[PDB]
Every structure is written in C-alpha cells, then in structure tokens.
Amino acid sequence: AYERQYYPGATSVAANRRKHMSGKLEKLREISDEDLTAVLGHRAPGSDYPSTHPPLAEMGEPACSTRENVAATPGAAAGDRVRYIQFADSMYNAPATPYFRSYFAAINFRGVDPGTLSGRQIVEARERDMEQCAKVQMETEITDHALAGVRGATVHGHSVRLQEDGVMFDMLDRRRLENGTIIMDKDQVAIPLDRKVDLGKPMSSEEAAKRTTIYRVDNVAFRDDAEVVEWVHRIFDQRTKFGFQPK
Amino acid sequence: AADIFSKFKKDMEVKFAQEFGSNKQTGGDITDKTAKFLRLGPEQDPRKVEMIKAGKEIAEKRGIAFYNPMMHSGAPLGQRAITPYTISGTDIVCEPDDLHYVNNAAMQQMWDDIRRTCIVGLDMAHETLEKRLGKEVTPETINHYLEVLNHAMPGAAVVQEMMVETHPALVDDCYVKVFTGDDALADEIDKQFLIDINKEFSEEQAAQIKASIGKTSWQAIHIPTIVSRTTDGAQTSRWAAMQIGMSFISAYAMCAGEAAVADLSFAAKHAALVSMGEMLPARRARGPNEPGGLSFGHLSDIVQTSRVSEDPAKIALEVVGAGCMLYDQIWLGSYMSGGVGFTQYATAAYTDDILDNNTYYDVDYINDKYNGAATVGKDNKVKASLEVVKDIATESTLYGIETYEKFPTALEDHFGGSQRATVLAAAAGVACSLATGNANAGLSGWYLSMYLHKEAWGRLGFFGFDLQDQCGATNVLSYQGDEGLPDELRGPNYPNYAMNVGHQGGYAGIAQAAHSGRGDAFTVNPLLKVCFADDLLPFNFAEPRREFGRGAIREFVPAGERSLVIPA
Amino acid sequence: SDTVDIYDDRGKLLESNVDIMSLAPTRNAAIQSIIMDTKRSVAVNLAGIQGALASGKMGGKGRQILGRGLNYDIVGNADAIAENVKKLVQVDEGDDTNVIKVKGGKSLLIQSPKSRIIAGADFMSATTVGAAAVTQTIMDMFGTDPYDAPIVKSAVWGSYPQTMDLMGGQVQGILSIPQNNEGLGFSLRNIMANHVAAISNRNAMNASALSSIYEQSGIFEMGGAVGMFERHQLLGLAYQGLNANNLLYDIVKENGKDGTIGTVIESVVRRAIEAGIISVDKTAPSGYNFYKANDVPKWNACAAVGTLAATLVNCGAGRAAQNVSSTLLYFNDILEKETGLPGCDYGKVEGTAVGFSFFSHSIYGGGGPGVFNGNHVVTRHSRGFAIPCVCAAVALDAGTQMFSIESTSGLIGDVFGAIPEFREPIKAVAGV
Amino acid sequence: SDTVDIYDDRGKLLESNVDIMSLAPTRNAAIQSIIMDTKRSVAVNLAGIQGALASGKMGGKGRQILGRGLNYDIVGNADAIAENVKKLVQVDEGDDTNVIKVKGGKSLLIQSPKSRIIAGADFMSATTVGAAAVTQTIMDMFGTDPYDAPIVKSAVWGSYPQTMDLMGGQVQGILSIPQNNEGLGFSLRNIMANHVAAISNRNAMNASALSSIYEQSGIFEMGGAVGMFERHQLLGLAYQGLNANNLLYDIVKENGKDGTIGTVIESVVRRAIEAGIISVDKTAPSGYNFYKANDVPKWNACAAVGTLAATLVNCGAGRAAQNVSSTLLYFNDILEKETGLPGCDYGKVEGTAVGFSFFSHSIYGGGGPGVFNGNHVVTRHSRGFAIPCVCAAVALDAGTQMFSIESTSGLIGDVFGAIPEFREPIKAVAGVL
Ligand code: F43
Ligand SMILES: C[C@@H](OP(=O)(O)O)[C@H](NC(=O)CCCCCCS)C(=O)O
Ligand SMILES: C[C@@H](OP(=O)(O)O)[C@H](NC(=O)CCCCCCS)C(=O)O
Ligand SMILES: O=S(=O)(O)CCS
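If you want it as structure tokens, here you go:
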C-alpha cells in the first residue's frame, strides 16, 4: 500500500502545495448553491441542469470493460453540458497558483478537464460535477477572494500591481472590497447579478503569505527550498540523459 | 552589469512613473507593489484616439461597421494604464500600437528584405560557358555580365524586340551584387557590384568565411519588394534565375535559347542556389523563402550585429530581437494565425531592457565563476555538461525571477507568463551558449529555466506554451531521426517548435550566442552572412531592434510602394 | 528476453510467455496483416456517386456543375457493380481481392490484392485502382457517352488531379495521401483518432490497442526503434497497447469506481515499487523520497500504462473525450512530482498534452480529440504513447462532440469495423 | 491474349512465347524483386560523414557549424561499421539484410530486410533505419559525448527534421521522399534519368529497360493499367521496354549506320504494315494513303518502339543526350504526317517532348535530359513511354553535359550498379540470370 508524498520541499510554500494537491484544505467561508450557480453564469439559480445529450440510462452504452468498470459521474450519467469555473490568482501571494489548482482538480475530482495558464486556471467538467469542484474552490483556503477572482473572460490581473486595498485588478470590475468584505455582483463573464454575493472578508497580507503556494524573494524564496530545486535538477538530468539513451 | 541595470530602471520610470499621453501616470516608485487604476479607457492614449477617429470615419464612409472599441466585451481597452515601450539599448519610446507589424514599415521591410533575397553561385554557370561553348570567362566578361544583370534583374529586356518592362521607379530596391573567396578575382570586380569580404569583416572573421567557402564566387540577389509583396517567397529563386539566364545569354552572345542555357537554369534554380529557407509540409504548406523555413542559424547570419560588434551578448540579443519580431509577430502571429496577433509576445524580448539586464548579469556571473568564459574566445570556454548548464541556467533564472519580484513594474510590464518565460529562458540559454560554445547546451539551459520557472511561480506560459519545453530537455541531445539536430540547423519547422510563440527568436539567439562567444564570423552559413553585409538594403540588419523603433516613429522608408501609379 | 502475458480488453488471459520481440511490426504476422489490409483497402460511397452524378455536385465544398446531370441507379445495381469492380481490381483469378457490398448497397469495401501493394512503392494503388475500377464499371454499365465521361470520372475522383487528393470524390481509406506526411515514416501515423474509435466499435481498449499498433508501426518505419530503442518501444506497445500482464486492465479496474488521475498515480507507483522497477534513491529532510528507475525502458512502459489507465478512468468517468488532453498532461506531471522520476517518454507525453490541450480549447486550430493523429503537428511529438489514449478517449465519449465519430468516420466504421483483426486487435496479435 | 519473345540488349533470344500479362509489375516476380530492392536499399557516403564531422559542413549548401569538429576515422573503420550497421538494420538473424562496403570503404550499400518494407506503408524505412544504424554505430564506436550527439546525428541526417528531407546529409536512395510526389502512385516515377543510366553502366537499352520497369510499375500503381488499359501498357512495356521480338534491336540495327529519325519511321511503318497492324483505310486525291490501326494498342506499342529506336539512332549518332527531346517530338509528329495515325500515347509522347525540349533549352527550368523523371512536372505526361528514352539518351552521352551521370548519380552508380537484376533487367525478367 503506497502512501503518496505529492511534492518535495520543506517550506510553508511546499507544505501548502501538498495541502492543495491532497485536497486537505481548510474551509474558510460559505457559499449557497444558488449563489454559486449565479456567479458561474451557466443557468438560472435553482434551475435544472441543461443537457448536451440524453441520460446514459436512456440511450444506453456500448458494452466494454471500461464503461462497466469505470463509474460515470452524476453529471455524465445525466448528460450535462460540459461547463467551467475559471480563476485568476495574484502573484502577490494568492493562496492558489495555476498548476496547483489543476493538481487539486486532477487528484481529488473525477471526470475533470483542468487547464493551466499564467493568468487563468480552468476546470471544465459536466456542469453538476464542475459545481462540486467549484464549491470547494470557492469556500476553502485555496481561494482568497481579494487576491483571486472568478473570471471566464478578460482575466488580466495576476501580474498587475495590487490595488491599495489589496484587491487584484479586474478590467470588468466583477468583485471588489465593500465594507471590509468581498462582494461579487456580476457573474464570471461580467453579466450583472440580481443579487450580490458576499465572498467574505479577505485574508491579511500576512495570512496570504502563510497560505500561499507561490514562492517570492520577499516571502519564501524558491532558491531557499533546496529540495524543490533539486527535484527540478533531477527531472532535468534524467529527461536529458534518457533522451540521448534511455538507460 | 551595472549600466544595463540602470537602463532597465530608467525604462520602468519612463513606462510607469511619468505620464504617457493622458494616462495620468504622473508619479510613483518602480518598486511599489500597489497602484491606482484610473479606468480612463482608450482615450488616454493618443494613438488609440487617432485609431478610434479613423475607425468611425471609415465605417461611416464605406457603409459597413469597422473599428469600434466599444465592441470589446465588458469595457474598452485601457481600464488600467496604457504605457509605452522603450526599444532595448535605445532611448526610443514607442506607442504600443506602433510595434504591431501591420503598423510598422520597418518590420514589414525586414521580412521583405529576407523574402526577396537568394544567393546563386557563379562558378557552375562559368564552367558551363567554358565546357559547352568554349567561352573564356574573365573579370571583364564578369563585370559586363553584372552590368547587364543589374539592368535585367529589376525586370528589363536584353534580347527581344517589343518588350514591356517594370518601371524603374517601382523597383529601385532591386539589385545584384557579388562576393568571392577568391581575392584575386575580388580585386578585379567593379566595386559597384562588390561585397568586399576583406573590407566588411575583421581579419579573423574574413579568414573564417573565406576558408569556409573557398575560392568560390556568388551572387547576392534582391528582387523587387513590390514583386515579393504581390507574390510569395518561392517567387524569389525563380525570378533571380530568369534574369541570370537572360543576362548570361546576352552578355556571352549565346544562342538566345539553346541546350547550354538549360544547364545555367538548373545551376541557378537548384544546383548552385542557396535559399533563405526550404519548403514546409502540407499542413503548413509553403514554398521556399518563407519564415517557417528560415533556420535559426540562417537568421543569426542575416542579422549583421556579429560583424560590427565585439560584444557577444549584444550580438545574441539583436538576433533575439529580430527573431522574436519575425517568427512571432509576422510568422506565427500572421502567416500561421492572424488578427490582433502577437506583438507583445515579441516586444517582451526587445523592449525595456529586461532581457538585457538578465543576460548581462549572467555574463558577469560566468566571467567571475568560469575565468572569463563569456568573453570572446575559442579556448576560454567551459566544456558543455549537465553540471555547467544547471549552474548557469539556475543562477540566471533565479536572478531574473527575483528582478521581476523586486520590481513590480517589470512584472506588470511582462504581464503574460509566456513573456516572462521567453525572457528568463532566453537569458539562461544565451548564457549557457556564451559559456560553452555549444548551442545545444544553450537549449538545455533554456529548458531548465522553464522547469525552474514553473516550480517557482506555480505557472509558466499560456495553455500550450510548454509543449516544446516539456519535450525540450529530452530532445536536446536526442539523435533520433525527427528529434536530433544542432540548434544552428533547427528552425520553425523542427517538429516541437512548429506552433508556439515565445521560443523561436530565443533559439536563434541561442544559436548566435554559441558563436558570438567564440568570435565566429557566422553561426551556420557564411554565404548569408556576406550576402547581408550590405548597407544598400533598406533595413539595417546590424541594428534590428533600433530599426523597429525607427518604424514606430514613422521614420523608416520601405520599398515597394505604388504611389507612382496611384491617382491624386 | 522480455516476455509478457497478453490479456484481452475484458482482462482475460489470451497467451502466456510472449517474447516482446515477437510483437514488433517487423516480425508480427498479425500486425503485418493489419498493415497490409489498411494499405490495400478503400471505401467507396455508391450513394454519394449516384447523388453527385444526378446533381453535378462533385469536386469539393460548394461545387456544382450545372446542366450535366446523369441519372444512374448506382445503389440499385450495387451487386453487379461490386462484381465488375472485383474483376477490374483483381490481378489473378482467385487471388485475395475482396469487394464487398456494405449498408444495403450504399457503399463498397474494395480490398486490392496484396500483389498491388507488393508491386507498389506505397499504398495509393488501393485508391487509384479502386477509383478506376468503379469509374470503368459505371462507364460500361450505364453506357456513358464519351463527352459525358469527365462527369462520371469526377463523380468518383472529385477534383483530382487539379487537387492533390480526390477532393469532393467518393473514395476514402483509413490512411491519407503520402504527401500529407510531416516526416519520413509517418504514413501509418496519419490516421484520424475518430477512424480508429469507429473501427473499434467504440471499445476503448481495442481502440487504444489498434492505435498503438499503427503508431508503433510508424515509429518502426521512422527508424525510431533501432537498437536499444526497439526494446524501449516494444515494452510500450506490449504494456500500454496490448494490456501486457493485465496491468492496464487491473489499474483501470481498481480505480474505476471512485478513482481520479491522482489515484491512478498511486496504483502506478505502488505497482512499480512492487515489481522492483523503481526504488528509493535518496530521502530528503522533509521525508520526500527521490526514486530511481532500475529499468528505464520498463519504467517508461509503466508510465505509458498509467497514462492510458488515467485516460480510461478520467474520460470514462466523464464519458467525455476532451478530458484526455489534461489527463495526459497531469498524469505525467503529477507522476514526476510524486516520484522524482521522468514521466512517459521523458516529458514528451506531457509536452504533447500541453499543446494538445491548447489546440483542443483555443481559437488557433486543432479541434476535438477525434481530429488528431500521430502525423498531426500538435500530437506527433510523443513516440506513439499519446494517440492511443486519444482513440480510447474518443471511444468513451457519450455525445459531447460536434465532430463525432459518426461525423468524420461514419463510412470508415461501417466499411472497416467488420474486419475481425481490426475490431479485435489484441486477440489478433495474440493469435486467436 | 498476347505473347512476345524476349530478346536481350545484344539482340539474343532469352525466352519465347512470353505472355505479356506475366510481365505485369503485379504478377512478375523479377520486377517485384527490383521494386523491393529499390524500396529497401540506400547508399551512405562514409567519406562524406567523415568530412562533415571534421569540418562541421553539414545540413545543406553553404552550411558550416564552427568549433564543433569531430575527427573520426569513418572510412578506416568501414568494415567494422558495416558489421555493426547490419546488426542494427537486421530484424531476424539470418534474414535478407545486406550491408556491403563499396569503394574501398568510402560508402555503404544498406539493404534493409524485406520485413521493414512489409511492415511499412512506403519505403522511407530504408533511409531512416539506415541513417539510424549509422548514427548509432558512430556514436558507440567513437565514444561520442552526449553534448556532441547532435553533430554526429546531423553529419548523417543533415537538416532533417527542419527540412522534410535529409538535406546536406549523407544518405541517398534511388527514390525520393513520398511528399515530392505530384500525383497518387507516383513514387516509382520519381527517379532521375541519370540514376537509371548510372545503374545501367551506360548501357542504353538496359537503361531504357530498367526505366520502363519503374515507369510502368508507376502507371500500375497510378491505376492507369486497369481493364483494357492493362494490355495497353503491357504491350508498351514488352515492346519498348523489353525488346519484344527483337523489334527495337532490329530497327536500331538497320538504321544504325546511316539512319535518321526519318528512316526509323520508314522501318516502323513498313514493319507495322507487314505485321498487319495497320492498313490503308482510304486514299486521298493526291495519292496520300490514310492508314487505320487494326489493333490500336499494338500500333501504340509500334510507335513506342519507334520512339525509343529513333532515340537510340539519333542520340547514338551524336553521342549526345540532348537529341532525345526533339527525337521524341519529331518521330511521332512525322509518323502522324506519314500515316494519318496517332503517334505514341495518342499525342502525349509528342506533347511531353514539346515541353521537354523547351525545358531543356530555355531559361525557365528543367535542365539537361538527366535531371528529368516520370514525376517531373515537365515529363510526367506520357504513360511511361517517354522517360525510358531519356534514360537511354543519357546513357549514350559521351560528355556534353554539365550535370552528368557522375555529377548527380556517382554514389548511386557505385552502390547500386553492381546489383545484377538492376544492371541487366531484361535478363532478370526473362529469368536467365
Ligand atoms: C481568448 C483567448 C483564448 C485563445 O485561444 N486566445 C486568447 C485570445 C487571443 C487574442 C486576444 C485578442 C482579443 O482580445 O480579442 C489574440 C490577440 C490572438 C488573435 N486572435 O489576434 C491573443 N490571444 Ni491571448 N494574448 C496574449 C496573452 C495572453 C495571456 C494573458 C495573461 C494576462 O494576465 O493578461 C493569456 C494566457 C495566459 O494566462 O498565460 C491569454 C489568453 C487568451 N488568449 C484567451 C483569453 C483570456 C482572457 O479571457 O483574457 N492571452 C499574453 O500573455 C501576452 C501576449 C498576448 C497577445 C497579444 C500580444 O502579443 O500583443 C494575445 C494574443
Ligand atoms: C495546428 C495547425 O492548425 P490545424 O489543426 O491544422 O487547423 C496549425 N496552426 C498553428 O500551429 C498555429 C500557430 C500560431 C498561433 C498559435 C501560437 S501559440 C496550422 O494552421 O497549420
Ligand atoms: C519546370 C519547373 O522548373 P524546375 O525544373 O523544377 O526547375 C517549374 N517551372 C515552370 O514550370 C515555370 C513556368 C512559367 C515560365 C514558363 C512559361 S511558358 C518550377 O519552377 O517548379
Ligand atoms: O489562452 S490560450 O493559452 O489558449 C491562448 C494564449 S494567446
């Protein structure tokens, strides 16, 4: 029986990376089912999930061992559309970094299609399955809602200087600090919501620095986590050697 | 190095801490992590205002919708500050839009000057005249041939009666010069036709070129830009061959169309032709002399900085700039896609002295740790190894990352992860090439940078940025058929490289760096190095980055315009 | 001497103690039979020809030649046409020529005798002779006037020879045309993922099996399996492609109910340690164990199996083809971070998956997983270890794609899916 | 059905009563052996690799990578290299892999086992496996450091894969690469005439014989010999290519001393009338006889023989290759004007010859006769009846060409010219080797 170790390193950043990868994330706030559906913007809150094809139980499936041995998710079974949740995360110590959101999704959720980019990270999945993953990302420490933002388009901000109130720039102003709490009053493609969503009080810069999976020279320097630099060196060496001759 | 670091900081001050147009960025500390975003929209930028006005008027005039910033989702461009770019190594401050290739005649002309150029040997042609016709080829007959050729090449007649011809005013950029590794012949060539290798290159570099090509003679042909623009790259070698054939017929009193002429044709079109680049496979089908066929070594040799500078980093950096512009803005950003395209994917590597800062830091690090290995020399280089690559590339990348982190202005500047990846990896790769004299050690450094970058920030580039970078380290020293290749011979059609921005210009700089560190005359082809050692070409290939700046400020005069035949 | 036991798609033992060298495209009779049949066979759309003749719609998208209509009952004469086509396609009486009426006369399977492939440099004789046979047959059967001959010809051949292919024609094979090859030895890699899934009848592991056979036949023709690289590629073919030792099947099964890309990594690393293929090289201060591969080609094969197993689990759970691009990326990326060992193909599956993800989620090109193939600029880079997963992923899709199997490969699946060795390739290679 | 007697290049009977169907590429074992050997074989220039390694001159015209020199004695270790290359190229112990040292170790013949062609879609495995075997062998033998591996690789492979071919590499075969095909079924047509003449050892009729085998194998793969067109092409192959009934040899011999393109026409028409292949159809007022062909494919074969016979006579007289383009044009042009019957390939040999003449006498492209092939845009047009004459013409040239056999095809002649079935293809087909 193999116990996964996930990631090297012995700093707070490496420890936080293992927390994200293993899905051991502290719940910090609550979002209702309807508010989650509202911010995602794929259907009216509380409405039935639209479908892209009939339920598996209705149309039937080919009989092969994989379909028999691999259980379809509730979203696949229902024939849901594949929809998404996408985040931008500030490089100024947002808890999340793009690759580690994707690892979080790949390791802890079934039937997911994560994508990593510098300014955006996305999980595509059958809509109801996606909402399960979305809820954890919205509620737990993997997201600070000042330093991050749910953005399905026009994502610019991850590398831009922070606003003086500690909130990451949004071209389309979907969420901001109001009375010491983060309010989101548009969905992730910036269509105004009927009801604004309280995404809770932001982390202090101090707490963000402790919870972040990003290295920075003025918090926890990458150079100082020798194990992770060595890991890179070992992967590099081995890839180079085995490309010449796999021995 | 200190001077470049000061230049980088000045760039950040100009870009972020003093107003550009009406963006109201009237002050600030370039190390500050925070900023105020004014939500001014596109009107903060005078070029954008000009574009909006033109878009409105043209839409009204032509009767169908056109440029309109309000069609942008959510809000128009410029909700944060629209800020300028300074061309690296210069004080030329540019409107961002003026660096889009469509808006920049210098950028378009650099490509036209490459596209409309090929090199054709003379020796085979002369052997043909000697063997088949019994003709005696002398300096006199060659000089007469060259004057006939420089009449014929732009599109003028030498044999038939009742010919129409191209208007000289439309094709004034078309000409043919010659060069030769035979010093005795070079002394006899009418100087108006000669690219003098002994004059244009240092004694060491001239020796390398002449030893490489031997006592052989070559034509540097540049066909009309207006023709290149009407047609394509594959036009070039055909155009050159037609008028070479006509000029041999006329100058040597051959039958105007005999069997021996066909040998001159095959010599000019195939046997003694050197193209800028070769054809591309079906999915990206293109004939010769298109950007995808242009090997990284060939671009390094078209760029003339190696001839006029003794600074190996400067030489590499000019090639990076030229390559990022051509390969990303015109090739990948237009030929292979289009639209708004990839201006700033490229500008990150030739503006605001950020790449230069990382690179010159590396040079000092290498010189300090490796007994001046980054200074010009062939016998002061470090043996390429995994150890040396890991040392230099890791140090390079850590410094570059720390600079982005200590200067939030630099991070906002290169806002895309791909831009930062290109800069960090280019510096690391160029550094490894400089220290080792091994271009593929440079490639290894490039890929190691990407790997360190990814783990440092938990992000790298865009969705498909590191297809080649994850295939990268393992394919550097592979000798498998479609994997192995020296970087000098690699290019945009090397399978891993065939798609994605942010790389090809860097690889060209890495190829160049391996040879500039050695003081080599060329990176892979002396024929191209000499061909473009010529100030008559409209684009100054010795200063490609600065040329882009001259284009931005509308002081670059291109060839190929049609105002002569256009109404008032 | 590396041997494996071959298990089928349902995890049942087929053959024990098979030398992996006997599985080489260059030695294996079943694989060579699949290659020969792929080379020598084409589908002809008889209903398409009939419609093209009547309407003038031939030669490409939007094309119609007005005023030249020919009303020939092609489909109603399908049996007589098949018979005459066989007479023209065959080289000797009673040879291995096979012309079969498909879908109630709407199409034909035309299998040239192997003599046409033996006497040819490549595989285009199947297309040219097939098209010529059909063209001559229609000309004779319906008594076409010579001045209408061009119309009958292009109903079959489309815009060839103005185009390099039979654009807007009615003849298709599993392969493309040789000129579409990106590299040397790439012909058998230019097979659309939707084609393979169609032929497999949407059986995921048989799709990845057949794809593996094509891909490795390509790598062999590329000269990418010479010397030490032969064992390297054959371990991959055996384990990832042919379910060697039931490893693929067992890993999928134990992760099938609740498994993710992440749990498949646990299965792969646990089994690799159990088999002695990898062991701890060094333990860091944090407790992190850096591993070393004791058999590098075998470790690569473990990673290859894991990549496909993760695809079957993750695409299987979603019943969605698109999950394959991220699966190939993150299985290998996360595997490297778990172990300190390089992923499958030493980064090249991960790399292929990075661009493959991009070009299946962006504006720039590509498309859904089904349009990709080993000759595609996006997905060529890995040495045969990525595309088999794509074929399996497409087979598992329950209906999320615009460019589905039916959309791109309906004719191919109908014409070629009935060939036993094609539909059951693991059993074919095992010798049943 | 149709039978012919096969005569060799010296006009001697080899086999009688040969059914022309047995001569089909799709049925004939000897032709299939020639095709297989052509597919599975490449030449490697060991001297070239050694020079490239030392100088860095690799990857194409003008290319040199400075400062990366490797001094390996490739030629001096040619036998050991050949041994190890065979071990890497072979598939089964004791199979039909063949690796031979040629030119005192300056080059190798690498013949892959048939299994690589059987398991392959086309023919490039001979090149890629051959190059891979040489690359691996040099890497091992000379202990190349991994950071020098790219230099060893490109010494062999040139600019591949930046280029689609091994540009500036040291591996060549008789064929090209598949992507150079203009049409479908054209791979065996992409063989330059100089190659065939080199392999034939400048034997005119064996050059045209081998070319006919390649060309008609191409026409067959093009699907241009289906149904009635099979007899049509095989009559051409038998008569023009394989000297059926000694007609080609006899027509050349009786026109050899003093004959011209014009007198060859007299021979062709006289013999066609004697054989009953053509008859007077109608006589015009002037007395001019309009002929009719009683057997159209046979008449075409007569015109095909006449075209090659005229080439052998006209190019032979001048010992000059260039005469072939006008010979193909005017033999058929004048034949039509003599008889009122269509020339060979019903105008297409004449047509091919019109453009071929132009593109071997002008500024626009082409070259001397030796650069052309059945896949060349200029000379593809006739169904295999033109290029065999070009190969014979090149074989007869005494030294008028810049792009001679030695210039373009020296390695090919050295490496492939000693293969018995290649140098004596008529004897191969008659089964008398
Ligand atoms: C719509 C896509 C999907 C796709 O296939 N391509 C896009 C868009 C495309 C469009 C954007 C033009 C427009 O606004 O209409 C163009 C210009 C290509 C074109 N059609 O001309 C482009 N990308 Ni993109 N794109 C770019 C970038 C990026 C970076 C931006 C990150 C950030 O924080 O701002 C991210 C990827 C990443 O996160 O790494 C990105 C994504 C995307 N890129 C996401 C949209 C993301 C969003 O919603 O904002 N680009 C860059 O990082 C720099 C270069 C820049 C390109 C323009 C230029 O080079 O000047 C542009 C290049
Ligand atoms: C993949 C391929 O597209 P297709 O899948 O064939 O449609 C290819 N495009 C590109 O590679 C475009 C690359 C430049 C734009 C993206 C840059 S990161 C091409 O058009 O030939
Ligand atoms: C024959 C071929 O030339 P090559 O033999 O390949 O050099 C071809 N030229 C042409 O067909 C040129 C045609 C236009 C000029 C002559 C018009 S009659 C080409 O360049 O691809
Ligand atoms: O967002 S994507 O990475 O697909 C395109 C970047 S320009």
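Residue numbers (PDB author numbering), protein chains in the order written: chain C, 3002 to 3248; chain A, 1002 to 1569; chain B, 2002 to 2433; chain E, 5002 to 5434. Built from N, CA and C at the ideal position, the CB exists for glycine as well.
Taken through DSSP and simplified to helix, strand or coil, C:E3231 comes out as helix. In terms of beta-carbon proximity, E:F5291 stays away from the interface with chain A, with every pair separated by 9 angstroms or more. Short of 6 angstroms from the beta carbon of E:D5096, and not among the five residues preceding or following it, lie these beta carbons of its own chain, in chain order: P5114.
Within the same chain, and ignoring the five residues on either side of C:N3109 in sequence, the residues whose Cβ sits closer than 7 angstroms to its Cβ are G3024. For A:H1101, the distance from the CB to the nearest heavy atom of ligand 2 is not below 8 angstroms. Nearest CB-CB separation between E:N5182 and chain B: below the 9 angstroms threshold. For the pair of segments examined, the stretch 1292-1304 of chain A was found to touch the stretch 1272-1282 of chain A: the number of CB pairs separated by less than 8 angstroms reaches three. At a cut-off of 4 residues, the continuous stretches assigned as alpha helix (DSSP H) that sit fully inside the stretch 5280-5342 of chain E are 5297-5319, 5324-5340. Listed as beta-bridge partners of C:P3193 by DSSP are C:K3187. With a cutoff of 8 angstroms, C:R3121 counts as near ligand 4, since its C-beta is closer than that to a heavy atom of the ligand. Under the Cβ criterion of 9 angstroms, B:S2326 is counted among the residues facing chain C. Contacts with chain A (Cβ-Cβ distance below 8 angstroms) from the stretch 5400-5414 of chain E involve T5401, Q5402, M5403, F5404, listed in chain order.
At a cut-off of 9 angstroms, the C-beta of A:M1500 has a neighbouring C-beta in chain B.
Looking from the CA of A:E1131, the closest CA among A:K1216, A:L1265, A:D1353, A:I1120 belongs to A:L1265. C-alpha of C:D3090 to C-alpha of C:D3238: approximately 31 angstroms in a straight line.
Secondary structure within the stretch 5183-5240 of chain E: the alpha helix (DSSP H) runs of 4 or more consecutive residues, fully enclosed, are 5194-5200, 5205-5222, 5229-5237 (chain order). The set of residues with a C-beta under 6 angstroms from any non-hydrogen atom of ligand 2 comprises A:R1284, A:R1285, A:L1333, A:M1337, A:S1338, A:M1500, A:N1501, A:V1502, B:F2360, B:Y2365, B:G2366, B:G2367, B:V2378, B:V2379, given in chain order. CA-to-CA, the gap between E:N5195 and E:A5208 works out to about 10 angstroms. Each residue's CA atom was taken as its position, placing B:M2193 and B:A2199 some 10 angstroms apart.
For A:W1219, the enclosing beta strand (DSSP E) starts and ends at 1218-1223. At least one beta carbon of chain B lies nearer than 9 angstroms to the beta carbon of A:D1470. Interface criterion met: the Cβ of E:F5360 is under 9 angstroms from a Cβ in chain A. Between A:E1544 and A:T1181, the CB-CB gap reaches or exceeds 9 angstroms. The C-alpha of A:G1288 lies about 15 angstroms from the C-alpha of E:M5168.
Going by beta carbons, B:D2415 and B:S2383 fall outside the 9 angstroms limit.
Judged by DSSP in its simplified three-state form, B:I2066 adopts coil rather than helix or strand. Counting every other CB atom within 10 Å of its CB across the protein chains shown gives A:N1069 a total below 16, marking it as exposed. At a cut-off of 9 angstroms between C-beta atoms, C:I3108 counts as an interface residue with respect to chain B. Looking from the CA of C:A3222, the closest CA among A:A1002, A:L1529, A:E1489, A:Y1405 belongs to A:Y1405. Exclusion of the five residues before and after E:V5253 leaves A5310, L5313, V5314 as the residues of its chain whose Cβ lies within less than 7 angstroms of its Cβ.
Ranked by how close their Cα comes to the Cα of A:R1519, the residues A:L1412, A:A1427, A:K1379 have A:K1379 in first place.
Across the stretch 2252-2274 of chain B, no CB contact with chain A closer than 7 angstroms is found for any residue. For E:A5429, the enclosing alpha helix (DSSP H) begins and ends at 5426-5430. Proximity to E:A5273 across E:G5319, E:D5141, E:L5336 peaks at E:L5336, based on C-alpha coordinates.
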